[PDB]
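*Asks:* Protein chains in written order, with UniProt numbering: chain G, 250 to 387, 391 to 468; chain F, 250 to 387, 391 to 468; chain S, 250 to 387, 391 to 468; chain A, 250 to 387, 391 to 468; chain X, 250 to 387, 391 to 468; chain R, 250 to 387, 391 to 468.
Take a look at the following structure, please.
Number of protein chains: 6
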Amino acid sequence: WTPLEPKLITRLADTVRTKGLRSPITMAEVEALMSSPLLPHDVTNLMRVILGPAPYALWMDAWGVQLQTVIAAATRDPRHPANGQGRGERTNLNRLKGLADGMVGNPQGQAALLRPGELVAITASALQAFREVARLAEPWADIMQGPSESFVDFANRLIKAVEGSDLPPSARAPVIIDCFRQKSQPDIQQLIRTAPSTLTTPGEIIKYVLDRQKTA
Amino acid sequence: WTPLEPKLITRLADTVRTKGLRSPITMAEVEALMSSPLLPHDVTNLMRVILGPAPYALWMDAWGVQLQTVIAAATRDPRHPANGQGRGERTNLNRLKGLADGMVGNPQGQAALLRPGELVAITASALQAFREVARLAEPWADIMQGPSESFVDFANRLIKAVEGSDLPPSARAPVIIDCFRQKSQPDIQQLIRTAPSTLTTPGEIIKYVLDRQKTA
Amino acid sequence: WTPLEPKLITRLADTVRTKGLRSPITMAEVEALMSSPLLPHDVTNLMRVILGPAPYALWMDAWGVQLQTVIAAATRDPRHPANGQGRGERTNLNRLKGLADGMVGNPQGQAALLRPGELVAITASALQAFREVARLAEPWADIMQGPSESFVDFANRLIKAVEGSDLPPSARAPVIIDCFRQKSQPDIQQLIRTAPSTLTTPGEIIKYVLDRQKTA
Amino acid sequence: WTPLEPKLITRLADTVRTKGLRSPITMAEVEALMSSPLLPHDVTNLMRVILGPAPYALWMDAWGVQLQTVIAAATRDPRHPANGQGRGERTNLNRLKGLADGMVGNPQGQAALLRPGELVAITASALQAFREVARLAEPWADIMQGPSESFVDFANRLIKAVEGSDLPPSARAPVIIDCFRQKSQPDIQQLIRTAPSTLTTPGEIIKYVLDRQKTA
Amino acid sequence: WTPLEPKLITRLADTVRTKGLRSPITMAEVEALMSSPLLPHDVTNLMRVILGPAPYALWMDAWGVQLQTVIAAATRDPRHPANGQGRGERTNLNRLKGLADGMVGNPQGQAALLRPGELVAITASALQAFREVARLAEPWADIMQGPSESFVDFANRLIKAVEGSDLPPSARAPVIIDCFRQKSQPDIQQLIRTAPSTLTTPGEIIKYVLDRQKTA
Amino acid sequence: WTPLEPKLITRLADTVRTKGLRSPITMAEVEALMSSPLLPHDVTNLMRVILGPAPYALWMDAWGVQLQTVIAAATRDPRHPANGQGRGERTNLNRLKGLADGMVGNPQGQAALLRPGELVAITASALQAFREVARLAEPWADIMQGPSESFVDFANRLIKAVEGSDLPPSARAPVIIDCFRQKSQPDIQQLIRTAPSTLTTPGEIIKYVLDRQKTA
């Protein structure tokens with residue numbers, strides 16, 4: 250086990266302190282420090298340092314919930330990269346949260362007994378939990397394209413607010429499309445309306461509008 | 250599998266944030282971080298971090314299209330460095346996009362089953378897709397030299413707009429020359445017209461005009 | 250013997266100077282510079298540089314007390330990794346504090362005669378002493397949510413004061429919950445009281461209150 | 250022999266230029282760059298660069314005096330880590346100051362003939378000389397605890413001024429205690445007076461006061 | 250082949266952006282990044298990134314002209330470090346500009362087939378071309397030594413303006429001498445006039461004046 | 250042949266630009282970058298980059314003179330580490346300045362044919378030439397302590413002007429002492445005169461005066 254640099258952690262903590270939890274630069278920095286698969290000890294201490302007390306409590310809750318969803322999917326499929334073929338390799342939440350025997354407080358033993366699939370699952374779970382808490386701590393139907401705003405900025409803002417909301421995953425694309433059509437001030441509205449082809453995806457709509465947009 | 254440094258990724262993300270997607274320094278930095286053959290996981294997370302939501306959607310589209318062209322060329326030639334000799338090594342798009350069995354979400358298994366030819370093909374495809382999206386996201393025949401503008405500023409603006417346009421590479425120099433001759437208000441027009449030597453390159457025209465220009 | 254970098258020591262000293270002795274980032278940095286087993290000379294000079302005069306006196310006291318507890322456990326078990334099997338390898342406090350013969354002021358001789366078990370015991374003792382002094386140097393039942401204060405600030409302040417106090421670790425969550433319920437002015441008190449679900453964690457209470465709070 | 254980085258030396262010189270010679274950050278930085286045992290050449294050039302001309306003269310004087318005290322202790326004990334067992338290894342001041350044969354101006358030969366005990370003795374002597382000159386270049393009985401000042405700051409200031417003064421080493425602890433008792437405004441005066449135990453050490457007094465102090 | 254760091258290239262580009270092309274600090278930085286022999290790909294991309302469009306066109310022109318002079322000298326001497334002994338190693342401009350077979354667009358193959366003499370000749374040619382373009386993008393006979401200016405600054409400015417001008421190489425030293433004698437306000441004029449020795453070189457004049465100058 | 254880092258060269262150039270040629274930190278940095286034996290190409294380009302035009306001319310002159318002295322000593326002793334035993338290894342100035350056959354402009358061939366003794370002799374010659382030019386490019393007996401000036405400032409100024417002058421090294425301390433005694437306005441003059449001890453060192457005089465000075 251090799252610890253993360255306290256210099257990088259200090260820089261990330263100051264980034265979270267000045268920019269906040271939800272800025273795209275902060276999420277990019279977290280993705281950067283979330284590159285190599287981390288042990289539960291690493292992620293736990295990282296969130297202890299970069300997050301305040303109340304966001305840290307929220308993040309512990311969300312991380313537990315996401316890990317429980319992962320363990321449900323694992324008991325729903327014996328071919329999980331964290332699982333094994335026999336029943337003796339089934340992964341309990343004590344092993345994921347670092348609470349199992351031979352792991353409590355010891356990162357070396359942790360790194361010894363853990364699987365790489367276990368590590369990547371823990372890491373993805375922690376990233377999703379961080380996203381949830383960031384969206385929770387500090391409205392997509394109120395988003396309009398400003399008179400002077402470009403279209404890529406409007407699309408970025410709208411997709412961000414729609415994907416970071418309470419909608420089901422299967423309802424985001426139709427909502428994004430129908431918001432492109434009704435928001436996005438009447439020049440682009442008419443540009444999308446008079447589309448000789450049928451656009452059935454936000455990416456296709458974005459490409460079409462970027463091609464035929466009024467250069468100004 | 251070894252992940253890319255989040256420090257390099259953060260620096261590249263800030264480069265894309267300040268300079269944009271199309272600057273030659275940004276493309277050089279991307280080529281730098283595109284040096285070793287990356288696994289689909291690496292490139293996917295890299296584009297997730299450095300690109301905004303809408304450019305990321307566009308890039309996913311373009312990457313899929315380029316990979317499909319690659320797979321068409323692969324079924325058109327059984328000697329692809331990603332293919333094998335027998336039919337059992339034919340490479341499906343699920344294996345290229347990282348969607349095949351034993352690869353979904355697991356970078357270690359990905360690195361296990363993938364071929365080096367597969368990796369370099371994926372990498373070249375991703376680079377071409379990035380170029381397409383950069384050219385797509387953010391008029392040379394409307395550029396005139398202002399009455400008060402200097403000539404080097406006009407030349408910079410014109411060369412920028414001509415090279416960052418939809419012209420073929422072999423048509424930029426003649427267009428730049430003929431735009432120097434017809435734009436560039438009539439004092440410099442007559443200065444270029446009465447050139448005892450024949451100027452056959454934008455650099456030579458710029459040098460001549462800078463030598464014989466009316467100091468004012 | 251190889252000395253620690255004065256650059257790392259200077260950075261750690263400035264960290265202690267700005268963040269204080271008790272911040273989790275400071276303890277993480279100390280754990281980082283406490284990774285390899287240090288000789289008494291190293292830890293002594295490190296604490297001389299990073300700590301002020303009075304905290305250094307306190308730390309010398311605490312380190313002596315912890316080393317004495319270690320030596321009592323060592324005379325209570327002849328199988329200490331610092332001890333040997335015969336009586337001639339029993340470790341005296343002069344050998345632990347670096348005061349024994351051939352060690353006073355000489356780090357090379359120190360590194361020569363010392364055991365790895367001796368080094369790790371000295372290191373753990375010094376870490377525990379640092380924790381004690383940090384807890385000692387610089391009231392949770394008096395914390396109320398102000399009439400104009402938001403709830404996340406109140407939760408941050410309360411969790412800080414409860415975790416940085418003299419309570420056992422197993423008594424912090426119930427106290428934080430019961431302080432959320434009785435402090436946190438009667439609007440939020442009634443909001444928590446009328447919870448159709450049972451909230452059994454500070455994170456869950458924080459999430460619920462943030463969801464259903466009166467936007468104002 | 251490997252030279253110290255001129256970048257670190259430049260940073261240390263600017264630190265000495267802005268903060269002064271006596272600041273605790275400056276002494277910490279000097280301790281940092283005084284980590285590995287330096288050859289007389291290294292310390293001499295370091296003090297030549299970081300110190301002005303007059304402080305450098307003072308430091309040469311003080312270094313000579315401290316080295317002479319070291320050589321007196323060495324002739325008073327044939328078991329010095331710089332000495333040897335026979336009389337042929339006795340260390341002369343020409344060998345300590347780098348003036349001996351085969352060493353004058355040559356750092357490689359210096360590093361060849363010098364002992365590690367010689368190096369650490371030279372280094373400790375130079376550090377003590379730096380402390381003396383810093384205390385000399387730019391009053392403990394005039395120190396009072398301000399009405400708003402905390403007790404650890406007052407203790408730090410008092411111990412600093414008492415240890416960096418002209419008192420004998422055997423008279424510092426009683427003076428520090430009796431200054432804690434008579435300074436340290438009457439609340440802490442009465443707190444120390446009504447001590448059911450007898451406090452016979454500055455560390456014990458500091459611990460007691462920090463325990464029973466009026467939180468405010 | 251190893252690429253240059255995009256961090257160094259970004260710093261150099263910002264240096265060129267703020268200080269300009271002709272500042273001595275910029276030329277020093279270019280000399281720094283021109284230390285190891287670069288392949289045509291490296292220098293071409295470097296000038297593409299650090300220079301604007303019009304200076305880049307000018308630089309391509311000047312680089313071609315200087316490489317043509319080099320190839321003329323090469324056909325004038327079969328002992329060029331880029332040439333070989335037989336006629337089959339004669340170096341064509343397609344091989345120098347990176348246009349030869351097996352080199353177009355491929356830096357690895359470039360580094361494979363190129364000679365070290367080829368690399369150093371290309372590098373020196375590119376440096377001279379950069380100097381020409383910098384002197385061209387933004391008068392010696394108008395330079396006077398100011399009443400308060402020192403003599404070394406005046407000599408630096410004069411030698412810079414004379415060597416970066418349109419004079420033949422064999423006419424710079426006499427002009428520099430005769431400008432030292434007639435400029436360089438009458439105190440130094442009389443100091444040079446009453447020289448018991450005959451000064452026949454700018455360096456000798458500078459040395460003499462620096463020796464006998466009026467300290468003030 | 251491996252080139253020096255342009256980053257180190259840029260840092261050294263900025264050091265020379267801010268601190269000057271004669272500062273002890275600058276000479277230390279030059280000694281640092283003069284550690285490994287450099288080829289004539291390396292030293293020539295280094296001095297071209299870090300020095301201005303006129304100091305570079307002066308340095309070329311001084312380097313030639315010092316190399317000529319070296320070659321005179323070499324013809325005065327056939328056992329020079331640059332020479333050989335037979336007459337066919339005698340080293341000409343064309344081989345030292347890098348002007349010999351197979352070396353002009355080619356650092357690789359240079360490194361091939363040159364001897365290590367040749368390299369170290371060239372390096373020492375270049376260092377001595379740099380020292381000469383630095384002493385030449387930029391009065392102690394006119395220094396008085398101003399009526400309002402402190403004594404440490406006067407001592408700094410005097411020691412600076414005496415050590416940076418044309419006196420032999422063995423004549424600086426007596427001159428500094430006798431200038432302390434006769435300058436340093438009559439209050440300090442009488443303070444030094446009535447010294448019950450004999451002060452035989454500038455540091456001792458400075459310490460005595462700082463102790464017994466009239467606080468004002």
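Each residue gets a CB set at the ideal place from its N, CA and C atoms; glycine is no exception.
For residue 417(G), decide whether its Cβ has a neighbour in chain F, counting only Cβ atoms nearer than 9 Å.
*Replies:* No, because no Cβ of chain F sits closer than 9 Å to the Cβ of residue 417(G).
*Asks:* What does residue 298(A) reach in chain R if we use C-beta pairs closer than 7 Å?
*Replies:* What residue 298(A) touches in chain R: 273, 274 and 277.
*Asks:* Counting C-beta neighbours from all protein chains within 10 Å, is the total for residue 402(F) 16 or more, i.e. buried, or is it exposed?
*Replies:* Counting Cβ neighbours within 10 Å, residue 402(F) comes out exposed, since fewer than 16 surround it.
*Asks:* Helix, strand or coil: which one does DSSP assign to residue 222(A)?
*Replies:* The question about residue 222(A) has no answer here: the residues shown for chain A are numbered 250 through 468.
*Asks:* Within the 9 Å Cβ cut-off, does residue 343(R) reach chain X?
*Replies:* Taking Cβ atoms only, chain X never reaches closer than 9 Å to residue 343(R), which makes this a no.
*Asks:* Taking only beta-carbon atoms, is residue 294(F) less than 9 Å away from chain X?
*Replies:* It does not: the Cβ of residue 294(F) has no partner Cβ on chain X nearer than 9 Å.
*Asks:* Hey, is the stretch 330 to 340 of chain R in contact with the stretch 254 to 270 of chain R, meaning 3+ C-beta pairs nearer than 8 Å?
*Replies:* Flag = no, the stretch 330 to 340 of chain R and the stretch 254 to 270 of chain R do not touch.
*Asks:* For residue 302(G), name the three-state secondary structure that DSSP assigns.
*Replies:* Three-state result, residue 302(G): helix.
*Asks:* How do the stretch 453 to 468 of chain F and the stretch 416 to 433 of chain F stand: do at least 3 beta-carbon pairs fall below 8 Å, yes or no?
*Replies:* A contact exists between the stretch 453 to 468 of chain F and the stretch 416 to 433 of chain F.
*Asks:* Take residue 284(F) and list the residues in its own chain whose beta-carbon comes closer than 7 Å to its own, dropping the five residues that flank it on each side.
*Replies:* Taken in chain order, the list of residues that qualify is empty.
*Asks:* Pull up the distance between the alpha-carbon of residue 422(R) and that of residue 412(R), whole angstroms please.
*Replies:* If I take the Cα positions, the gap works out to 16 Å.
*Asks:* Distance, Cα to Cα, residue 390(G) vs residue 380(G)?
*Replies:* Residue 390(G) cannot be placed in this structure, since chain G goes from 387 to 391 without the numbers between.
*Asks:* Is it buried or exposed for residue 394(G), if we count other Cβ within 10 angstroms and need 16 for buried?
*Replies:* Looking at its Cβ environment, which holds fewer than 16 other Cβ atoms inside 10 Å, residue 394(G) is exposed.
*Asks:* Just verifying my parser: in three-state terms, what is the DSSP assignment at residue 329(A)?
*Replies:* The answer is coil: DSSP assigns residue 329(A) none of H, G, I, E or B.
*Asks:* What's the C-alpha gap between residue 418(F) and residue 291(X)?
*Replies:* For residue 418(F) and residue 291(X), the distance between alpha carbons rounds to 26 Å.
*Asks:* Looking at C-alpha atoms only, which residue of 373(A), 443(A), 433(A) and 386(A) is the closest neighbour of residue 410(A)?
*Replies:* When each option's Cα is compared against that of residue 410(A), the closest is 433(A).
*Asks:* Helix, strand or coil for residue 339(F) per DSSP?
*Replies:* Looking at residue 339(F) - three-state DSSP - the assignment turns out to be coil, as it is neither helix nor strand.
*Asks:* Can you pull the chain R neighbours of residue 309(A), defined as C-beta to C-beta under 7 Å?
*Replies:* The answer, in chain order, is 455.
*Asks:* Just checking my contact of residue 377(F) with residue 315(F) at CB under 8 Å: how many whole Å lie between their CB atoms?
*Replies:* About 5 Å separates the two Cβ atoms, so the contact holds.
*Asks:* How would you list, in chain order, the residues of chain F whose beta-carbon sits under 8 Å from the beta-carbon of residue 258(X)?
*Replies:* Under the 8 Å cutoff, chain F gives 274 and 277.
*Asks:* If you follow the alpha helix (DSSP H) that residue 386(S) is in, where does it begin and where does it stop?
*Replies:* Taken as a continuous stretch (DSSP letters only), the alpha helix (DSSP H) holding residue 386(S) covers 365 to 386.
*Asks:* Could you give the DSSP three-state label for residue 280(X): helix, strand or coil?
*Replies:* Correct three-state label for residue 280(X): helix.
*Asks:* May I ask which residues mark the beginning and end of the alpha helix (DSSP H) holding residue 408(G)?
*Replies:* Its alpha helix (DSSP H) spans residues 403 to 415.
*Asks:* Please confirm whether residue 301(A) has its beta-carbon closer than 9 Å to some beta-carbon of chain R.
*Replies:* It does: the Cβ of residue 301(A) has a partner Cβ on chain R nearer than 9 Å.
*Asks:* Can you tell me the Cα-Cα spacing of residue 278(X) and residue 255(R), whole angstroms?
*Replies:* Distance between the alpha carbons of residue 278(X) and residue 255(R): 7 Å.
*Asks:* Can you say whether residue 446(A) is buried or exposed, counting buried as having 16 or more other CB atoms within 10 angstroms of its CB?
*Replies:* By the 10 Å Cβ count, residue 446(A) comes out exposed.
*Asks:* Can you list, in chain order, the residues of its chain with a C-beta nearer than 6 Å to that of residue 330(G)? Leave out the 5 residues immediately preceding and following it.
*Replies:* 366, listed in sequence order.
*Asks:* Can you list the residues of chain A that residue 376(R) reaches, using a CB-CB cut of under 7 Å?
*Replies:* Within chain A, no residue comes near residue 376(R); the closest Cβ sits about 13 Å away, beyond 7 Å.
*Asks:* Based on Cα-Cα distance, which residue from 396(R), 319(R) and 442(R) lies nearest to residue 373(R)?
*Replies:* Of the listed residues, the one whose Cα sits closest to residue 373(R) is 319(R).
*Asks:* Against residue 389(R), what residues of chain A qualify as contacts under a CB-to-CB distance less than 8 Å, listed in chain order?
*Replies:* No coordinates are present for residue 389(R), because the numbering of chain R runs from 387 directly to 391.
*Asks:* Below 8 Å CB to CB, which residues in the same chain sit around residue 304(F) once its five sequence neighbours on both sides are set aside?
*Replies:* Excluding sequence neighbours, residue 304(F) sits near 270, 382 and 386.
*Asks:* Would you please state the rounded distance, in angstroms, between the beta carbons of residue 307(X) and residue 458(F)? I believe it to be under 8 Å.
*Replies:* Going by Cβ atoms, the distance from residue 307(X) to residue 458(F) rounds to 6 Å, so yes, they are a contact pair.
*Asks:* Put residue 352(S) into one of helix, strand or coil per three-state DSSP.
*Replies:* It is coil, neither helix nor strand.
*Asks:* Give the residues of chain X in contact with residue 404(F), contact being defined as C-beta atoms less than 9 Å apart.
*Replies:* Correct list: 301, 303, 304 and 386.
*Asks:* Tell me whether the beta-carbon of residue 408(R) lies closer than 9 Å to the beta-carbon of residue 302(A).
*Replies:* Cβ atoms of residue 408(R) and residue 302(A): closer than 9 Å.
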